[PDB]
Amino acid sequence: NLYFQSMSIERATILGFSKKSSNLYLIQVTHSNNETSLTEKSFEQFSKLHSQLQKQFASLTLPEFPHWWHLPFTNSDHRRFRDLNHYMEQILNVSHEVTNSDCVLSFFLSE
């Protein structure tokens with residue numbers, strides 16, 4: 001485990017929907033060296049990431065996955081953006097091992 005790296009992930013934020021499809025969230029990832037990259041992910045892909053992290057990090061306190069069944073989540077784009085933003089800022093601040101895990105890096109740094 002390497003600490004204090006450059007291309008590791010610091011933050012990730014929703015810019016809006018992808019131009020390819022509004023089923024995909026356009027996410028800007030800021031690396032530790034302050035360079036940015038973009039990825040596009042569906043809600044199902046966020047769900048799968050969370051599921052994987054729960055299995056891999058059984059002893060850590062992970063953040064709550066968004067409550068998608070609340071009506072504003074279904075009806076409001078901005079609600080979904082806010083909830084995913086809050087999820088991402090928490091999931092990148094659990095531990096070094098979570099932030100630098102293969103599933104987190106693969107999620108954020110893939111197209």
Side-chain angles (χ1 to χ4, degrees), residues 2-18 20-70 72-73 75-111:
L2 298 165
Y3 278 72
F4 322 118
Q5 301 297 120
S6 287
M7 290 181 300
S8 43
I9 302 164
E10 176 69 32
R11 309 190 287 285
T13 196
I14 303 289
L15 297 186
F17 295 123
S18 170
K20 299 181 179 74
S21 170
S22 296
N23 293 306
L24 300 173
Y25 299 94
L26 184 63
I27 299 149
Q28 181 188 267
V29 183
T30 300
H31 302 244
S32 303
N33 65 4
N34 256 308
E35 294 300 311
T36 62
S37 57
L38 295 166
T39 192
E40 296 166 304
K41 291 291 182 295
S42 68
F43 194 60
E44 289 74 20
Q45 287 171 298
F46 274 99
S47 287
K48 178 68 180 171
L49 173 65
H50 194 67
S51 178
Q52 288 183 286
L53 291 175
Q54 292 179 327
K55 291 172 194 181
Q56 187 172 357
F57 296 100
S59 290
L60 301 184
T61 296
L62 299 175
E64 302 300 321
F65 194 68
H67 287 208
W68 50 262
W69 60 93
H70 295 334
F73 193 92
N75 293 330
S76 171
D77 303 340
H78 289 181
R79 169 58 174 273
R80 296 200 297 288
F81 300 163
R82 175 185 70 76
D83 284 352
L84 289 171
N85 273 339
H86 184 49
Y87 177 74
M88 292 188 295
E89 73 188 329
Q90 295 167 281
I91 208 65
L92 293 171
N93 277 292
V94 177
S95 78
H96 187 261
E97 291 71 35
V98 172
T99 297
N100 295 287
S101 66
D102 183 49
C103 71
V104 168
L105 287 161
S106 294
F107 180 91
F108 286 107
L109 301 187
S110 57
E111 297 302 299

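These values consider heavy atoms only, across backbone and side chains, with no hydrogens, waters or symmetry-generated copies. Positions are given from 1, in the same order as the sequence printed here.
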Can you name the residues that form a side-chain hydrogen bond (donor to acceptor under 3.5 Å, both in side chains) with [X], not counting sequence neighbours?
X     : answer
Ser47 : none
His50 : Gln54, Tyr87
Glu89 : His86
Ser8  : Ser32

Test of understanding: with side-chain contact (heavy atoms from CB on, under 4.5 Å), list the residues that count as partners of [X], not counting sequence neighbours.
X     : answer
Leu38 : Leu15, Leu26, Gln28
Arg11 : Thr30, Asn34
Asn93 : none

Do [X] and [Y] touch side chain to side chain, with heavy atoms closer than 4.5 Å?
X     : Y     : value
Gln52 : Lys55 : no
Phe73 : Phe43 : yes
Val94 : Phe57 : no

- Hey, which of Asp83, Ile27, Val29, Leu49 is the one that makes side-chain contact (heavy atoms from CB on, under 4.5 Å) with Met88?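 Only one of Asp83, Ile27, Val29, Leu49 forms a side-chain contact (heavy atoms from CB on, under 4.5 Å) with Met88, namely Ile27.
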Which pairs of donor and acceptor atoms, one on a side chain in residues 103-111, lie under 3.5 Å apart (sequence neighbours left out)?
unit_1 : atom_1 : unit_2 : atom_2 : d
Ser106 : OG     : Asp102 : O      : 2.8
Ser106 : OG     : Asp102 : OD1    : 3.2
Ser110 : OG     : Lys41  : NZ     : 2.8
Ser110 : OG     : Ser106 : O      : 2.7
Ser110 : OG     : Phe107 : O      : 3.3

- Message: Are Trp69 and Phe65 connected into the same hydrophobic cluster when the rule is that any two of I, L, V, M, F, W, Y join if their side-chain heavy atoms are below 4.5 Å apart?
- Response: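 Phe65 clusters together with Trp69.
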- Item | Parallel, tilted or perpendicular, as decided by the 30° and 60° cut-offs, for the rings of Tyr25 and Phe17 |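 Geometry flag for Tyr25 against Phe17: tilted rings.
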